[PDB]
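This report refers to the structure that appears directly beneath it.
Cβ: placed from backbone, ideal geometry, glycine included. Neighbour counts: every protein chain shown. Just so it is clear, none of the values below were taken in a lab; they were calculated from the coordinates.
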There are 2 protein chains.
Amino acid sequence: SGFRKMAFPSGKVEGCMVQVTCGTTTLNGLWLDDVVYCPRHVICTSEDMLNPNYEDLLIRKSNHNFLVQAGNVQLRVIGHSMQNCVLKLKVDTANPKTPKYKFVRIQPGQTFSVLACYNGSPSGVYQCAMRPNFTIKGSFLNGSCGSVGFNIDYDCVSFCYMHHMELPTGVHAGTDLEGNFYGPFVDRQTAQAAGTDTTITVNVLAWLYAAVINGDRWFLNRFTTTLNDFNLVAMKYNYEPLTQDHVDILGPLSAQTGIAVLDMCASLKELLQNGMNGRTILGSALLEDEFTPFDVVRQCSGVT
Amino acid sequence: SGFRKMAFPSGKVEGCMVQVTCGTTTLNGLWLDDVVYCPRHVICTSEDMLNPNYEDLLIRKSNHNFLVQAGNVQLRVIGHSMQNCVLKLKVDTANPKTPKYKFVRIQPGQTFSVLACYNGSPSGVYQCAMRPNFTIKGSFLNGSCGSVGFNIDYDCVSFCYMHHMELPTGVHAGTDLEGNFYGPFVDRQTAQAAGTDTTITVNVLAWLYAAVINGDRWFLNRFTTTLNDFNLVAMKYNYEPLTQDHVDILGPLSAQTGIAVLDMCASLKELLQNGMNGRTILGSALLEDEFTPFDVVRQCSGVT
Ligand SMILES: C#CCCCNC(=O)C[C@H](Cc1ccc(F)cc1)NC(=O)[C@@H](Cc1ccc(Cl)cc1Cl)NC(=O)[C@H](N)Cc1ccccc1C#N
Ligand SMILES: C#CCCCNC(=O)C[C@H](Cc1ccc(F)cc1)NC(=O)[C@@H](Cc1ccc(Cl)cc1Cl)NC(=O)[C@H](N)Cc1ccccc1C#N
C-alpha cells in the first residue's frame, strides 16, 4: 500500500551523462555509443544568445572547440553536426555503459523521469508530466541544460526530453532527443510565453482510481453522468475534454475497482463543484494530475 | 527555479540489489563486498510468522537453504549470521559494483531516498521522511521487503533504512542496516500500532523558506513572535516543538532570504490559524513537512 510520486531508477541514464564545454559555456550532454547529444546553444556566447544564427555560429567552429568530459576522462571529438535544436558530437570512444535505448516524442499529459545534472554529474531524480501547454514544471537551476527525461521499459531506456531553458514564469521548455521543441518555443534568449495551461483530466481520473485502490472512498457517489455532460463541466473548470480513447485507456483500473469510468466522472464533477471541504485524497488537498493510468497500474497492486 | 520532491540518483544502489530466497519466501537483499543483508523474516514460513523464535529457526538452517541471485547469476552462500533483525549471508564473490558506503541510523524528521525493488530488481525511486512516530509513508507492495533507504554525499552512499513490513494503517516500518527497528516495532505478524504522528516543524519552516527563494511571498507578514509563544501554537496544531538547535539549523536559509527564523514562525502561526484560503504554496494546498533544511539548500539556488 501507499502512493508516491515515483521515478524510474536512474542508473542506466547516470552512466550516460557527460559534460560539454564550448568556450566559456558548459552544459550537460548525453553519451550514447559514440555520439554526444546536447543543446545547440552551447555554441553561443552571452551576446550570441539575443538572436543567434546557429548555422552561422557552427560553421565558425571546429571539432577542437568542444570539450567533452566523462568523469575526469576527457573524450576526443572527431566530428560534429546540428540536427534541429540539438548538437551531435562524434567522439572516438563508444560509451561502454550504453543501455538499450530509443528516442521517442511524447504527447502532452504523458509522464517521465528527469535526471537533473550539473557539469555532467547527476544530482537528483524526479517525476514530471508534459503539460498540455508543452512546458514542464521542473526543478532546474543554471547549468541544468542538457538534463534528459526518460521512461524505462524492461531495461530499454526511452529518452523523450532534453532540457533547454526556463521561461519567464519559471516553467521549463525543451526538445525531444532529435532537437524538436515541445510547443512553439525557440532557443533564443527572448521572453516567450506559454499558452494557458489546462488540467490533465484522464490523469486526475487515474489518480482517483489509485485512491480507491488504496482504500480512499469518501469522494465516490452513486450518481453517474454522460460523457457530454461531464465535458461541459470540464470546460467550466479548465480541464481537458475527456475523449473516448481516454475512457478506454482507463479500462483496466475501472474493471479492477468495479467503478465505471463515467461513474468516476460524476465524483470528479462533484469534487470540482464542491471542493474537498478540508479532506484529502492520497495525502493531497488538491486534485493531482501528473499520474497517468499507466503510472497508477505500475505502482499499485493488481488487487484492491 | 522550481521545487520538486527530489530523490538521489539511484544507480549506485541499483548495482547492489539482489534476490534472496529461503524455502518459498523470496525478498530483496543488499550486496556489499562479500555480504548480503536482508530482513531475517526471510527464514520464516507463513506459520512461523505468528510468533517466531528466530534463533531457533536459524539454527535449523544451513548455508545451502539460502538462494542468492544477482541478475541471473546465482551467488554461493558460504556463511550466515543474524544481527538484530537483519540476516547476513556471506557469499563467495565480492560485489564489484560496491560503492563507497556507510551505515547510519537517522533521527525522526530526516529524509532519504527509497529504491523500491521486487525479486532483486529495482522498480522505482522516491523521497521519504522518517516520521516522528518512526514509521514512513512509503509505497510498498508485497515483495518489497529488503528495499533500502539511503542518502548520497560525494559518491558515498549512506544507507539508513531497510524495509520490513506494513502496519495495519498502511504505513511502513523497518530497521537501520544493523537490524535495529526504528520505533517500538518487532518483526512478527501481530497487529502493532504506531503512536500518533506529529508534523515536522523545522521542515515546514525550511519549505516556507524554499517558497520565498522561488518568489512565493503572499504568506509572509510583518509580525514576529517568540520561541515560547510559537511553541504554544505548535502544541495546539500537533506540531513538534521547535528547538534552538532547529532554529540554528535554519540559519543559512534565514540569511539567504533576510527573513529571521522567528519572523517565519509568525507566518506559520498565521497559516496554522487562518488556513490557506484557497491559495497554494509551491503548488501545494497544505503545509509540506518532508523537506529538511538541507534538502532545500541542495535543491535551491544560492541566490533568491
Ligand atoms: C517563478 C519564477 C521566475 C523566476 C525567474 N526566472 C528566470 O529568471 C529564468 C529566466 C527567465 C527569462 C526568460 C527569458 C528572458 F528573456 C529573460 C529571463 N530564463 C533565463 O534566464 C534563460 C534565458 C535563455 C537562455 C538560453 C536559451 Cl536557448 C533560452 C533562454 Cl529563454 N536561461 C536559461 O534558460 C539557461 N539555459 C538555464 C537557466 C539559467 C538561469 C536560471 C534557470 C535556468 C534553467 N533551467
Ligand atoms: C491503507 C491501508 C491498509 C491496507 C491493508 N494493509 C495490509 O493489509 C498490510 C498488512 C497489515 C497487517 C498488519 C498486521 C497484521 F497482523 C495483519 C495485517 N501487513 C501485512 O500483511 C504484513 C504482515 C507482516 C509480515 C511480516 C512481518 Cl515481519 C510483520 C508483519 Cl506485520 N506483511 C508484510 O508486511 C510483508 N512483509 C510485505 C507486504 C505484504 C502485503 C502487503 C504489503 C506489504 C508491504 N510492505
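Could you list A:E290, B:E178 in order of exposure, starting from the residue whose Cβ has the fewest other Cβ atoms within 10 Å?
Values: A:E290 19, B:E178 14.
Result, fewest neighbours first: B:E178, A:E290.
By the gyration tensor of its Cα atoms, with a ≥ b ≥ c the square roots of the eigenvalues, what is the shape of region B:15-99: rounded for a/c under 1.5, prolate for a/b over b/c, or oblate? Working shown, then result.
On the way: a/c = 1.97, a/b = 1.83, b/c = 1.08.
It is prolate, given that a/c is not under 1.5 and a/b is the larger ratio.
Between A:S46 and B:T224, what is the FRET efficiency for a Förster distance of 35 Å, r being their Cβ-Cβ separation, to the nearest 0.05?
Details: r = 42 Å, r/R0 = 1.19.
Calculated value: 0.25.
I need the Kirkwood Rh of region B:163-304: take the reciprocal of the average 1/r across all distinct C-alpha pairs and report it in angstrom. Kindly include the intermediate steps, with their values, before the conclusion.
Working: mean 1/r = 0.0596 Å⁻¹.
About 16.8 Å, per the Kirkwood formula over Cα pairs.
Please find, in a Gaussian network model of chain B (springs between Cα atoms separated by less than 10 Å), the residue of B:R222, B:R105, B:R131 whose mean-square fluctuation is greatest.
B:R222
Compute, for region A:1-71, the length of the dipole vector about the Cα centre, with Cβ point charges of +1 (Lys, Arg) and -1 (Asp, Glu) only. Units Debye, rounded to 20. Write out the running numbers ahead of the final one.
Working: 6 positive and 7 negative charges, 76 e Å.
Computed charge dipole of region A:1-71: roughly 360 debye.
Mind putting a number on the dipole of the protein assembly as shown about its Cα centre? Charges go on the C-beta only, +1 for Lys and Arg and -1 for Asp and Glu, and I need it in Debye to the nearest 20. If you can, show how the numbers build up before the last one.
On the way: 44 positive and 52 negative charges, 77 e Å.
The calculation lands at about 360 debye.
What does the net charge come to around A:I152 if you take all other residues with beta carbon closer than 13 Å to its beta carbon, with K and R at +1 and D and E at -1? Numbers along the way, then the final one.
On the way: positive: A:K12, A:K100, A:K102, A:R298; negative: A:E14, A:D153, A:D155, A:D295, B:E14.
Cβ neighbours under 13 Å give a net charge of -1.
Inter-copy label distances at B:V186, 7 Å along the Cα→beta-carbon direction, one decimal in nm, shortest first?
7.2
Let me make sure I get this right: for the protein assembly as shown, a, b and c are the square roots of the gyration tensor eigenvalues over alpha carbons, sorted descending. Under 1.5 in a/c it's rounded, otherwise prolate if a/b > b/c, else oblate. Which is it?
Working: a/c = 1.41, a/b = 1.13, b/c = 1.24.
Taking the square roots of the gyration eigenvalues as a ≥ b ≥ c, the protein assembly as shown is rounded.
Please give the calculated 222 nm ellipticity per residue for chain A, where each DSSP H segment of at least 4 residues contributes -39500 (n - 2.57) and the sum is spread over every residue; nearest 500 deg cm²/dmol?
Numbers: 8 runs with 67 residues, N = 304.
Rounded to the nearest 500, the figure is -6000 deg cm²/dmol.
Just name one of A:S284, A:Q244, A:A206: the one whose Cα is farthest towards the positive end of the charge dipole of region A:198-301 (beta-carbon charges, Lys/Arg +1, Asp/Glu -1).
Result: A:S284, furthest along the dipole toward the positive end.
Report the charge-dipole magnitude of chain B in Debye, nearest 20, computed about the Cα centre from +1 at each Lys and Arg Cβ and -1 at each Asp and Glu Cβ. List each step's numbers first, then the result.
Details: 22 positive and 26 negative charges, 82 e Å.
The calculated dipole for chain B is roughly 400 debye.
If you take the C-alpha gyration tensor of region B:22-158, multiply each eigenvalue by 5 and take the square root, what semi-axes do you get, largest first, in whole Å? Don't jump to the answer; show the numbers that get you there.
Working: eigenvalues 123, 76, 40 Å².
For region B:22-158, the semi-axes come out at 25, 20, 14 Å.
State, to one decimal in nm and shortest first, how far the label point of A:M82 sits from each corresponding label point in the other identical copies (label point: 7 angstrom along Cα-to-Cβ).
Distances between equivalent label points, in nm: 6.9.
I need the phi-derived Karplus couplings for region A:55-63: 6.51 cos²θ - 1.76 cosθ + 1.60, θ = phi - 60°, integer Hz, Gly and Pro marked x.
3, 4, 5, 6, 4, 8, 10, 10, 3
For chain A, what size does the Cα cloud have along each of its three principal axes, sorted from largest down, in whole Å?
69, 38, 32
Within 11 Å, Cβ to Cβ, of A:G170, how many net charges do the neighbouring residues add up to if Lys/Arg are +1 and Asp/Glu are -1? All intermediate terms of the calculation are to be shown ahead of the outcome.
Numbers: positive: A:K137; negative: A:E166, B:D216.
Result for the local shell: -1.
Which residue, chosen from A:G170, A:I78, A:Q127, occupies the Cα position most advanced towards the positive end of the dipole of region A:57-201, where the dipole is computed from +1 (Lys, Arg) and -1 (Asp, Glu) charges on Cβ about the Cα centre?
A:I78
Take A:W31, B:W218 and order them by how many other Cβ atoms sit within 10 Å, fewest up front. Numbers along the way, then the final one.
Details: A:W31 26, B:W218 11.
Fewest-to-most ranking of A:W31, B:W218: B:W218, A:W31.
Straight distance only, please: which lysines reach the Cα of A:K12 with their own Cα at less than 17 Å, same-chain residues fewer than 8 apart left out?
Leaving aside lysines fewer than 8 places away in the same chain, those within reach of A:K12 are A:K97, A:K100, A:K102, B:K12, B:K97.
Taking chain B as a Gaussian network, where each spring joins two C-alpha atoms under 10 Å apart, which residue of B:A255, B:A94, B:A70 fluctuates the most?
In the Gaussian network model the winner is B:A255.
Counting only Cα atoms, I'd like the Rg/Rh figure for region A:81-194, Kirkwood definition for Rh. If you can, show how the numbers build up before the last one.
Numbers: Rg = 13.9 Å, Rh = 14.7 Å.
Here Rg/Rh amounts to 0.95.
Using a label point 7 angstrom from Cα along Cα-to-C-beta, what distances in nm, from shortest up, separate A:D248 from the other copies?
Inter-copy label distances (nm, one decimal, shortest first): 6.5.
Considering only the other residues whose Cβ falls under 12 Å of the Cβ of A:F3, what net charge follows from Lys and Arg at +1 and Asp and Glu at -1?
Numbers: positive: A:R4, A:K5, A:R298, B:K137; negative: A:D216, A:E288, A:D295.
Result for the neighbourhood of A:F3: +1.
Using a 10 angstrom cutoff on alpha carbons, build the Gaussian network for chain A and name the most mobile of A:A211, A:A193, A:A234.
A:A193
Return one number: the angle in degrees, 0 to 90 and rounded to the nearest 10, between the long axis of the Cα atoms of helix B:201-213 and the longest principal axis of the Cα atoms of chain B.
Helix B:201-213 and the main axis of chain B meet at about 60 degrees.
Give me a comma-separated list of calculated 3J(HN,Hα) values for region A:221-226, in order, Karplus coefficients 6.51, -1.76, 1.60 applied at θ = phi - 60°, integers in Hz, x for any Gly or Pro.
Computed from phi, the couplings for region A:221-226 are 8, 7, 5, 10, 9, 9 Hz.
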